[PDB]
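Participant: Pasting in a structure now, in structure tokens, and then I'll have a few things to ask.
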Ligand SMILES: COc1ccc2sc3c(c2c1)NC[C@@H](CN)NC3=O
Ligand SMILES: COc1ccc2sc3c(c2c1)NC[C@@H](CN)NC3=O
Ligand SMILES: COc1ccc2sc3c(c2c1)NC[C@@H](CN)NC3=O
């Protein structure tokens with residue numbers, strides 16, 4: 124009848140008491156690396172981000188905390204303030220994710236190809252995550268495809284959203300629209316294997332974009348509106364059939380996997396271009 | 124030889140661990156309701172206010188904390204920061220008070236009537252509370268007669284002051300005078316059954332104000348000075364005989380109880396008028 | 124392979140639970156006294172500073188915390204926020220030091236006299252302390268000779284630096300140079316028994332300054348540069364031989380002890396003059 128979750132708690136004791144810290148790096152986001160780490164008690168593996176600990180981070184995380192309560196958002200599990208170098212630091216410990224960047228898992232599918240229906244499901248999820256955040260006044264402002272990772276390597280495995288180095292509180296032309304834009308961008312790459320390309324016209328090649336119902340190409344439109352306005356709100360985005368169908372989407376073959384294999388070098392391009400497009404994007 | 128009280132402590136674990144939360148509402152102050160709540164361990168009843176948890180509250184309470192150390196001020200007992208809606212919240216747990224708004228207890232006295240001496244004692248107490256606060260640089264700025272409640276329903280029961288939604292630190296024409304004004308207003312209503320009435324002249328009717336020594340009507344004056352200045356300081360207020368007499372005051376009958384019965388509808392008027400007069404009052 | 128120290132932790136429970144507080148005063152620095160105090164558990168003696176607890180202190184200590192991890196800097200051991208007077212207070216508990224103000228220990232040497240080599244060692248240490256702080260962006264801004272005290276009264280005993288009422292974070296003509304200046308001043312008094320004297324020329328009398336190698340008188344120079352610039356950086360200061368020699372310095376007799384006995388009244392002069400020179404010094 125009445126339900127709360129514990130507030131955020133900045134543990135002061137040395138993280139080394141509770142965890143055994145490796146040096147094996149995993150992630151390499153904004154500040155510092157993401158080290159693998161093990162829980163002495165339970166003995167499971169964890170992710171360790173490390174922060175300077177100044178007002179900024181201290182709030183950035185403050186949000187992640189609020190965010191973790193969501194499925195498709197990566198869960199924070201412990202937050203410590205210790206003294207590293209000589210520096211009031213900030214170690215946030217979160218569920219390690221052994222799944223690889225959303226896309227990096229599609230180009231090792233190997234067997235068969237990808238599905239319009241599988242694309243939905245992916246997008247579908249990603250949608251959710253943003254919703255929640257927005258639905259609590261949070262703009263992620265960095266929904267790149269590196270920042271999406273899966274829990275494990277099983278195809279049942281789910282993926283979550285990470286790196287709040289960029290999020291901001293939409294408190295008290297606007298803001299939480301990048302998050303949409305991205306989804307758009309994300310969907311594109313998801314279906315074909317590439318984005319736009321300027322600094323806006325995005326064509327839809329034959330060998331890829333075919334009988335792919337204009338209903339879909341519609342979405343991508345509404346989302347990509349180089350406008351900040353009329354960029355289909357997430358609330359909106361979710362409502363649109365394709366998404367909330369999950370399974371009522373065409374089973375169409377998708378070249379994307381193979382496409383990605385086609386020039387794995389045209390990628391560290393894409394990923395930077397994504398950080399290019401965003402980050403600055405107001 | 125050396126005496127301190129524990130500092131304020133923002134518990135992070137779910138309040139639901141330590142208390143069992145009802146839904147039975149009691150108070151309906153500023154932010155949210157005041158739910159009844161029970162201590163799992165001891166099993167006694169408690170009051171639960173709930174707050175947005177932003178810098179403001181976080182200090183408002185910070186004061187209440189300092190204030191509770193007083194008898195006639197309602198004691199805070201636990202303060203939690205949990206996550207409700209999706210909202211860093213702030214649950215303050217305090218001694219439940221089963222006594223009813225100061226005045227609401229006088230019009231069910233039924234047996235006999237009220238006493239000039241009983242009025243003192245009441246005022247007397249209320250005085251104290253303000254003192255303390257002032258004596259530590261705190262302006263309550265909302266000493267309405269709803270914000271005064273008794274611990275229990277026994278006539279031995281004492282009353283305390285509540286709702287710090289309004290208090291401010293008189294740190295480093297002025298401020299903590301409203302608190303006086305109010306007392307004045309409070310005394311009036313206490314003796315007769317009504318206040319002033321404009322947006323200042325306050326008459327003193329026959330069937331009420333009689334041989335009621337001008338020494339008393341004096342007080343009320345000094346307090347009500349539509350001035351901010353020459354409004355008798357509390358330090359002053361306490362010194363004046365009538366107050367610090369408690370028992371040396373005339374035993375005069377007071378119609379107030381009956382008066383209040385006389386138009387219980389002319390009341391939600393009074394109470395709002397009190398919030399009117401105050402709140403804005405600089 | 125991976126090393127951290129616990130972060131700073133503001134205990135909320137009454138310090139009286141963990142320690143038994145005396146009233147025996149020891150230090151009389153900036154805010155309040157420094158009381159002797161005993162650890163109930165272990166039962167050893169401790170120093171207790173007490174603070175108003177406002178943003179300022181709360182950071183001043185925040186630094187001391189980071190600083191204590193150093194040998195020659197006095198270690199903080201516990202920090203409490205309790206409610207004294209009626210005042211959110213701040214009790215910092217640190218290693219008591221039974222050694223007396225650096226200089227106050229030299230004029231009770233009695234046996235023999237002081238050594239150019241002993242002076243080094245002293246300066247040498249003091250140097251270190253500053254280094255660390257600087258080396259983590261901290262200006263002490265108050266390196267007076269009262270703020271240096273020894274752990275015990277044994278000549279093996281070491282001395283440390285105290286009172287961070289003045290320190291500031293050199294974050295993001297300048298600042299952490301006073302700390303140098305002082306050392307200079309300190310060295311002078313250390314070798315002879317007096318400072319400068321204006322509001323700049325410092326002479327070097329016969330009966331004191333003799334065959335005392337110009338290499339030494341050089342130091343003092345570079346340090347005392349009434350400039351803020353070309354005041355020999357600490358990094359620099361440490362590198363200079365005399366210092367990092369410890370034992371390769373001449374064994375020269377020093378009159379300083381006797382000198383100090385010579386007019387112990389010309390001292391509360393010196394010490395204030397030191398606070399004069401500093402404190403304001405930008
Ligand atoms: C591997 O398990 C994890 C778990 C959490 C997190 S958070 C995070 C990670 C990362 C990796 N990796 C680096 C980037 C995303 N590429 N940004 C981040 O903050
Ligand atoms: C019933 O036990 C309690 C105990 C504490 C408190 S505080 C508080 C209460 C209230 C009621 N009631 C609502 C108004 C006062 N009318 N404001 C407040 O903050
Ligand atoms: C005796 O054991 C101690 C231990 C720590 C500290 S800190 C401190 C002390 C003092 C004395 N004494 C007063 C002045 C320095 N003279 N300033 C300070 O803050």
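Chains as they are written, first to last, in the working numbering: chain A, 124 to 405; chain B, 124 to 405; chain C, 124 to 405. Backbone N, C-alpha and C define an ideal beta-carbon position, used for all residues, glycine too.
At least one CB of chain F closer than 9 Å to the CB of residue 128 (chain A): is that the case?
Facilitator: Looking at the structure shown, chain F is missing, and the protein chains on hand are A, B and C.
Participant: If the criterion is Cβ atoms closer than 9 Å, does the pair residue 148 (chain B) and residue 159 (chain B) meet it?
Facilitator: Yes; because the gap between Cβ atoms is below 9 Å, this pair is in contact.
Participant: How about residue 303 (chain C) and residue 360 (chain C): are their beta carbons less than 9 Å apart?
Facilitator: It is a contact, given that the beta carbons lie within the stated cut-off.
Participant: Measure the CB-CB distance between residue 315 (chain A) and residue 130 (chain C) and report whether it falls below 9 Å.
Facilitator: In this structure, residue 130 (chain C) does not lie closer than 9 Å to residue 315 (chain A) by Cβ.
Participant: Can you pull the chain A neighbours of residue 136 (chain B), defined as C-beta to C-beta under 9 Å?
Facilitator: Those within 9 Å of residue 136 (chain B) in chain A are 129, 130 and 132.
Participant: So which residues on chain C does residue 360 (chain B) lean against when the C-beta distance must stay under 9 Å?
Facilitator: Per Cβ cutoff of 9 Å: no residues; residue 360 (chain B) is ~20 Å from chain C at best.
Participant: Under a CB-based cut-off of 9 Å, is residue 211 (chain B) close to chain A?
Facilitator: Answer yes: the Cβ-Cβ gap between residue 211 (chain B) and chain A drops below 9 Å somewhere.
Participant: For residue 206 (chain C), which residues in chain B fall below 9 Å Cβ to Cβ?
Facilitator: Those within 9 Å of residue 206 (chain C) in chain B are 127, 128, 129, 130, 131, 188, 189 and 192.
Participant: Say whether chain B places a C-beta atom closer than 9 Å to the C-beta of residue 253 (chain C).
Facilitator: Not closer than 9 Å to any Cβ of chain B, the Cβ of residue 253 (chain C) fails to qualify, so no.
Participant: Please look up how many angstroms separate the CB atoms of residue 268 (chain B) and residue 225 (chain B), rounded, as I've assumed it's under 8 Å.
Facilitator: About 5 Å separates the two Cβ atoms, so the contact holds.
Participant: Among all the DSSP beta bridges, which residues are the ones paired with residue 247 (chain A)?
Facilitator: None, per the DSSP bridge assignment.
Participant: Express the C-alpha separation of residue 274 (chain A) and residue 222 (chain A) in angstroms, rounding to a whole number.
Facilitator: Answer to the nearest angstrom: the Cα atoms are 5 Å apart.
Participant: Please state whether DSSP places residue 340 (chain B) in a helix, a strand or coil.
Facilitator: In the structure shown, residue 340 (chain B) sits in a helix (DSSP, three-state: H, G or I).
Participant: Can you give the Cα-Cα distance for residue 398 (chain B) and residue 391 (chain B), rounded to whole angstroms?
Facilitator: Answer to the nearest angstrom: the Cα atoms are 11 Å apart.
Participant: I believe residue 265 (chain B) touches residue 288 (chain B) by the beta-carbon criterion, under 8 Å. Please report the beta-carbon distance rounded to the nearest angstrom.
Facilitator: Indeed, because the Cβ distance is near 7 Å, the residues count as touching under 8 Å.
Participant: Please determine, among B:166, B:218, B:242 and B:162, the residue with the shortest C-alpha to C-alpha distance to residue 374 (chain B).
Facilitator: Nearest of B:166, B:218, B:242 and B:162 to residue 374 (chain B), Cα basis: B:242.
Participant: Taking the beta carbon of residue 126 (chain A) as the centre, do at least 16 other beta carbons fall within 10 Å, making it buried, or is it exposed?
Facilitator: Flag for residue 126 (chain A) reads exposed.
Participant: Within 8 Å: the Cβ of residue 221 (chain A) and any heavy atom of ligand 1?
Facilitator: Yes, the beta carbon of residue 221 (chain A) sits closer than 8 Å to at least one heavy atom of ligand 1.
Participant: Taking the alpha-carbon of residue 305 (chain B) as reference, which of B:260, B:356 and B:193 has the nearest alpha-carbon?
Facilitator: Ranking the options by Cα distance to residue 305 (chain B), first place goes to B:356.
Participant: How long is the line joining the alpha carbons of residue 144 (chain A) and residue 210 (chain A), rounded to whole angstroms?
Facilitator: Going by the C-alpha atoms only, they are around 18 Å apart.
Participant: From what residue to what residue does the beta strand (DSSP E) around residue 147 (chain B) run?
Facilitator: Residue 147 (chain B) -> beta strand (DSSP E) spans 142-150.
Participant: Ordered along the chain, which non-local residues of its own chain (more than five positions away) have a Cβ less than 6 Å from that of residue 246 (chain C)?
Facilitator: So the qualifying residues of the chain are 310.
Participant: Taking residue 144 (chain A) as the query, report the chain C residues whose CB atoms sit under 7 Å from its CB, ordered along the chain.
Facilitator: Those within 7 Å of residue 144 (chain A) in chain C are 125.
Participant: So, does the CB of residue 258 (chain C) fall closer than 9 Å to a CB anywhere in chain A?
Facilitator: Interface residue, yes.
Participant: Measure the Cβ-Cβ separation of residue 229 (chain A) and residue 379 (chain A) and say whether it is below 9 Å.
Facilitator: Going by C-beta atoms, residue 229 (chain A) is nearer than 9 Å to residue 379 (chain A).
Participant: Could you say which of A:183, A:231 and A:193 lies nearest to residue 154 (chain A) if we only look at CA atoms?
Facilitator: Cα-wise, what sits closest to residue 154 (chain A) is A:183.
Participant: Out of B:227, B:345 and B:187, state which residue places its alpha-carbon closest to the alpha-carbon of residue 199 (chain B).
Facilitator: Ranking the options by Cα distance to residue 199 (chain B), first place goes to B:187.
Participant: Helix or strand or just coil, what does DSSP make of residue 362 (chain A)?
Facilitator: It is helical.
Participant: What residue ranges within the stretch 246-328 of chain C form continuous beta strand (DSSP E) runs of no fewer than 3 residues, ordered along the chain?
Facilitator: Taking only runs of at least 3 residues, the beta strand (DSSP E) segments lying wholly in the stretch 246-328 of chain C are 271-273 and 282-284.
Participant: Would the beta-carbon of residue 179 (chain B) be found less than 8 Å away from any heavy atom of ligand 2?
Facilitator: No, the Cβ of residue 179 (chain B) stays beyond 8 Å of every heavy atom of ligand 2.
Participant: Suppose the cutoff is 6 Å on Cβ atoms and the five residues either side in sequence are ignored; what does the same chain contact list for residue 170 (chain B) look like?
Facilitator: Excluding residues within five positions, the ones whose Cβ falls inside 6 Å are 157, 217 and 219.
Participant: Can you list, in chain order, the residues of its chain whose CB lies under 7 Å from that of residue 205 (chain C), leaving out five sequence neighbours each side?
Facilitator: Only 137, 138, 212 and 214 meet the Cβ criterion.
Participant: To the nearest angstrom, how far is it from the Cα of residue 163 (chain B) to the Cα of residue 207 (chain B)?
Facilitator: Approximately 20 Å between the Cα atoms of the pair.
Participant: Let me know if residue 402 (chain B) comes out buried or exposed under the rule of 16 or more other beta-carbons within 10 Å of its beta-carbon.
Facilitator: Burial call: exposed.
Participant: Between C:358, C:201 and C:196, which has its C-alpha nearest residue 173 (chain C)'s C-alpha?
Facilitator: When each option's Cα is compared against that of residue 173 (chain C), the closest is C:201.
Participant: Give the secondary structure of residue 397 (chain C) by DSSP, where H, G and I count as helix, E and B as strand, and everything else as coil.
Facilitator: Residue state, collapsed to three classes: helix.
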